[PDB]
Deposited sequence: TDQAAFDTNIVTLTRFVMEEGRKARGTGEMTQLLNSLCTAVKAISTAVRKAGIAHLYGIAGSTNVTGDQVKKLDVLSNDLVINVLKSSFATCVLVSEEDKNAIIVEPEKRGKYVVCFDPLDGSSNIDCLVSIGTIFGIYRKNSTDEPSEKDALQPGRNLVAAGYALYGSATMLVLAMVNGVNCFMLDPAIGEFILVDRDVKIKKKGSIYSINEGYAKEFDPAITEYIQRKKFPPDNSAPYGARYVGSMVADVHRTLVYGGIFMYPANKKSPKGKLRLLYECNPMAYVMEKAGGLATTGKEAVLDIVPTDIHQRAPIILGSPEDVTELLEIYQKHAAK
């Protein structure tokens, strides 16, 4: 039997005996992602170019996520990469979930048709205080659900929750995601490393050494191949699906790293851990950082455990 995402979410919801609030939240997200995907793939562009005489994607994207999420009646605080402040949802529309998201990531690559994606993280609100931005400032270890949709050759939604990681391909003919990979586990050790080497001159010494190992294995094994798409979601997904390592460590231009903690790193740290991989800054597990700002950045190295561990040891060694 074929399993759609809507059924998958619904059975899981039933299993956990939820009141169905989170299920509605997940149904919404899932709707939002289909709307973004159709917009990404440029359906209807001929209208912009005057086919009948007569918004930018990342703005449209953000607006779909915000409106559809408010529509779920399941959230109370949203954080979007696109908005300077946490969005507090209106009382009449308020539920218990806090959702951090990046509506459209890798848009420095929309002119180039580069694979892009949406990243989401979902927290339960615990405090009884009138909902506020501090509700977003929870370490990633407290995620209830997290994943991303990727708009690449095809569109996939990957959703990690307490019980594993699942990939659902979008069948754009019928507007339905199809379970295709169940209980996904990253391989222990990979063959690909993924970093922007253009920063070779700002790299710290453990990264420099690690890059040399990959190219000239001190033990005379096969050198890793290199891949760097420049879309976190594209690169992380290849990592998840094929193994290897993905790095965005701190550099002089970005001394606390470049990627964002709340709505890029953490979600991906979460998918990686439930898939058996690791996600570190080099000094600490990503998921254990207690954030202090909703747009805080962090360095991140993630992927196959043996690989991330080999780099951690090099950071350790450079005491």
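Residues 1-8, 63-70, 336-337 of the deposited sequence have no C-alpha coordinates in the structure.
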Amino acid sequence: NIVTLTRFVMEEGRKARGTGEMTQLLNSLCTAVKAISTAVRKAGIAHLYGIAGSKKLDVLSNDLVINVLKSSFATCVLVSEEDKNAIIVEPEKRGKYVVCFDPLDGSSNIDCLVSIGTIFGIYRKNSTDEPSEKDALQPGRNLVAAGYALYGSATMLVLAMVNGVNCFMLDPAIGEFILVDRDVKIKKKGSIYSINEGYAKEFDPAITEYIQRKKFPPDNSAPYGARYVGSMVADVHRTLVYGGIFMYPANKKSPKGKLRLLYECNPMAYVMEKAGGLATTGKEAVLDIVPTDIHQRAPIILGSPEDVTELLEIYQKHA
From here on, numbers count along this sequence of modelled residues.
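Averaged over CA atoms, B-factors in the entry run higher in 66-74 than in the other of 28-36 and 66-74. Stretches compared: 126-134, 198-206. Higher mean C-alpha B-factor in the entry: 126-134. Reading the B-factor column for the CA atoms of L48, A279, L261, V271 in the entry, the top value corresponds to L48.
Of all the options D171, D102, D235, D183, the entry's greatest CA B-factor is assigned to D183.
When the modelled residues of the chain are ordered by C-alpha B-factor, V308 sits in the lowest third. The deposited CA B-factor of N163 belongs to the highest third of values across its chain.
Ranked against the other modelled residues of its chain, the C-alpha B-factor of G95 as given in the entry falls in the highest third. Per the deposited record, the Cα B-factor of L60 falls in the middle third when ranked against the other modelled residues of its chain.
Among all modelled residues in its chain, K215 ranks in the middle third by Cα B-factor.
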